[PDB]
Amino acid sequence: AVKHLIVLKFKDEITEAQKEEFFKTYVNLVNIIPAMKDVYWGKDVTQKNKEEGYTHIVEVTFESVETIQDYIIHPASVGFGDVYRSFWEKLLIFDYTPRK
């Protein structure tokens, strides 16, 4: 299993209700896209890095490196980006195999 980590900042004009809908809709993609196994999101509470200003984290689990592309080309993921592109100001994306 691999992890797909999204770190983001919303645009200032986006409301709390819009953010709640954004995450509810993203979380539901697990039910639509086979490769997408689970998702959690969170709002940062510490605000340590104020200049950068990322506020939210989304972590998705995929069964493998090879199945990420299945998600990337899935109409539901493409659709999510099409609906909500204007909501985010910036993001960082990471993909990795957890180790300990």
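Numbers follow the displayed sequence, beginning with 1.
query = Higher mean Cα B-factor in the deposited model: 45-53 or 71-79?
reply = Result: 45-53.
82-90 set against 20-28, stretch whose average Cα temperature factor tops the other in the entry:
Result of the comparison: 82-90.
_Could you place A1 in the lowest, middle or highest third of its chain by Cα temperature factor, using the values in the record?_
Answer is highest: the recorded C-alpha B-factor places it there.
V58 by Cα B-factor - lowest, middle or highest third of the modelled chain:
According to the entry, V58 has a C-alpha B-factor in the chain's lowest third.
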